[PDB]
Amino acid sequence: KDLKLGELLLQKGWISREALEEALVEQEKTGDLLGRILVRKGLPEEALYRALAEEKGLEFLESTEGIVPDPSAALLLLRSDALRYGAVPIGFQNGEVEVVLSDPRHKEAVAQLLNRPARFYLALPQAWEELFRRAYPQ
């Protein structure tokens, strides 16, 4: 009985009940992702990602600018896999690989593929792409 995205945003005070109902009513007609509807209707994208991070047990990263990606960690995923799964392995801490995700929905698929202890972070789209390109030059 974990909270869903809308319930989490409501509890955090970042959307109103009327805004949530409005987004759910549209989703019932369109099938769009709820967070995408809420951001279109005015929720800050960062508010969405903070809530998605909490929902999935990920640490939200406010910036990727200070990360120096460990080349040893990046070898654990082929570049094509890092891009498709939206996952950048950036280093190691106490025998866990640190991995920055672009989409919380991919956490399980990435964790299965890595098949080793890992610590997962979530970064905003622009921040993630900057990090990916530094870790995986083409």
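Residue positions are given as counts along the sequence shown, with the first one as 1.
Q: If you average the Cα B factors in the entry, which is higher, 24-32 or 107-115?
A: Result of the comparison: 24-32.
Q: Should the higher mean CA B-factor in the entry be assigned to 55-63 or to 42-50?
A: It is 55-63 that shows the higher mean C-alpha B-factor.
Q: Lowest, middle or highest third: where is residue 71 by C-alpha B factor in its chain?
A: As the PDB entry reports it, the C-alpha B-factor of residue 71 lands in the highest third of its chain.
Q: Using the temperature factors of the C-alpha atoms in this entry, rank residue 90 within its chain: lowest, middle or highest third.
A: Tercile = lowest for this residue's CA B-factor.
Q: Of the three thirds of its chain by CA temperature factor, lowest, middle or highest, which one includes residue 8?
A: Tercile = middle for this residue's CA B-factor.
Q: If you rank every modelled residue in this chain by C-alpha B factor, which third holds residue 77: lowest, middle or highest?
A: It belongs to the middle third of the chain when residues are ordered by C-alpha B-factor.
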